[PDB]
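In: give me coordinates for this.
(one chain, ligands or ions: 2)
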Amino acid sequence: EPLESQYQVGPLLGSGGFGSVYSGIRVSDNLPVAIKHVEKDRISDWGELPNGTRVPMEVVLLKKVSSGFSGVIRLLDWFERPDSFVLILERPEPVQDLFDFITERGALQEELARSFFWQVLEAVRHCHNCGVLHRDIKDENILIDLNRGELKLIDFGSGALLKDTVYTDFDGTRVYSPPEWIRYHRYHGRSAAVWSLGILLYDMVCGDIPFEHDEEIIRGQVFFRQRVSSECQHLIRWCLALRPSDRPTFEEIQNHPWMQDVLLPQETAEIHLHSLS
Ligand SMILES: CN1CCCN(c2cncc(-c3cccc(/C=C/C(=O)O)c3)n2)CC1
Ligand SMILES: [Mg+2]
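Out: Numbering: from 1, shown residues only. Ligands and ions are numbered 1, 2, ... in the order given. Let me share the structure:
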């Protein structure tokens, strides 16, 4: 029953606004896991969860998207403590987040960016279909299962239930938030999500984020610092359309020509990941 008699804690993987996550192993089968600690004082949103009670919104969101689909991390279990909650999440091995992967390898070839991007679209779409809005889509929040070549969306600590009405609260990453939020402190789930997908695609093909200051976000002028195909630039600028309604739907993004003939996960890994893995 105790958390200690359950898992064997390992080294700290990282910490921040989300909390502190450690590498871990489940004593029983040595199944690799991650142990995330979050203080109750940090937690702002709470949920009830089916036939349950007091629980952080993060847990509610995680369980809602839980399933066989490997595009989003799986909550394996959780525990409540006097001042914190502990989340036991799955952990692919080897693994590396998109931020480190790009920091190390730099701007990705378009074929690779296509595969990776396509996989987050499927993951985000999955969340939406399950009534969950992530709100913090970014390189750091996407894990790369190097052997399988499959990406995983993580950290639902900024998410919320998907809704068709306005959002007047945001606590994700500033440099990924849309111009509606910066200017009017209001946005709609899917539109905002598409904007951050635009920032992410740009990050993938250019090695860095397109905007830094609020003034750049509001103006939305995209400058390509690396050689990027015309199709890709078009998609990117379409997602980064100043007016929300001018942004493509997920269907339009995935039907976009630059998005065609995506590589399969294993293919991707064999051609791009095993080369160094
Ligand atoms: C966002 N991350 C910032 C960068 C360092 N960091 C890392 C690094 N490598 C693997 C994982 C890792 C492995 C398995 C599950 C998870 C899940 C995290 C979550 O759902 O919050 C994370 N997390 C902690 C959080
Ligand atoms: Mg999470």
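
In: from residue 128, how far out is whichever residue of the stretch 1-150 of the chain sits closest to ligand 2?
Out: Using C-beta to the ion, the closest approach of the stretch 1-150 of the chain to ligand 2 is made by residue 58 at 5.4 Å. (C-beta placed from N, C-alpha, C; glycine too.) For residue 58, the distance to residue 128 equals 17 Å [C-beta to C-beta, to the nearest Å].

In: which strands and helices sit next to the host helix or strand of residue 103?
Out: When secondary structure is defined by DSSP states H and E, residue 103 falls within helix 98-105. Here helix 98-105 touches strand 142-145, helix 189-206, going by 3 or more C-beta pairs under 8 Å, 6 or more residues apart in numbering; DSSP states H and E.

In: pick the most deeply packed of these.
Out: Of those, the one with the most neighbours on average (mean count of other C-beta atoms under 10 Å) is helix 189-206, at a mean of 24.

In: what's the angle from that helix to helix 98-105?
Out: Counting by axes from the mean of the first three to the mean of the last three C-alpha atoms, to 10 degrees, helix 189-206 lies at 20 degrees to helix 98-105.

In: not counting sequence-adjacent ones, nearest residue to the one residue in the stretch 151-277 of the chain that gets nearest to ligand 2?
Out: Residue nearest to ligand 2 within the stretch 151-277 of the chain: residue 156 (4.0 Å; C-beta to the ion). The shortest distance from residue 156 to any non-neighbouring residue, by C-beta to C-beta, 6 or more residues apart in numbering, is to residue 61 (4.4 Å).

In: could you look up the SS state of the one you found?
Out: helix (DSSP: H, G, I helix; E, B strand; the rest coil).

In: right, and residue 63 touches residue 75 too?
Out: Yes: counting by C-beta atoms under 8 Å, residue 63 does reach residue 75; the two are 6.0 Å apart.

In: isn't the residue of the stretch 1-150 of the chain closest to ligand 2 right up against residue 160?
Out: No: the pair residue 58 / residue 160 is not scored as a contact, 10.3 Å apart, by C-beta under 8 Å.

In: what's the overlap in contacts for those two?
Out: Common neighbours of residue 58 and residue 160, using C-beta atoms under 8 Å, 6 or more residues apart in numbering, are residue 45.

In: neighbour count for the two, which is higher?
Out: residue 58 (25 against 21; other C-beta atoms under 10 Å).

In: work out the gap between the longest helix seen in the chain and the centre of the chain.
Out: What stands out as the longest helix in the chain, according to DSSP state H, is helix 110-129. With C-alpha atoms, centre = their mean, to the nearest Å as the basis, helix 110-129 stands 10 Å off its chain's centre.

In: swap in stretch 199-210?
Out: Between the centre of stretch 199-210 and the centre of its chain there are 14 Å (C-alpha atoms, centre = their mean).
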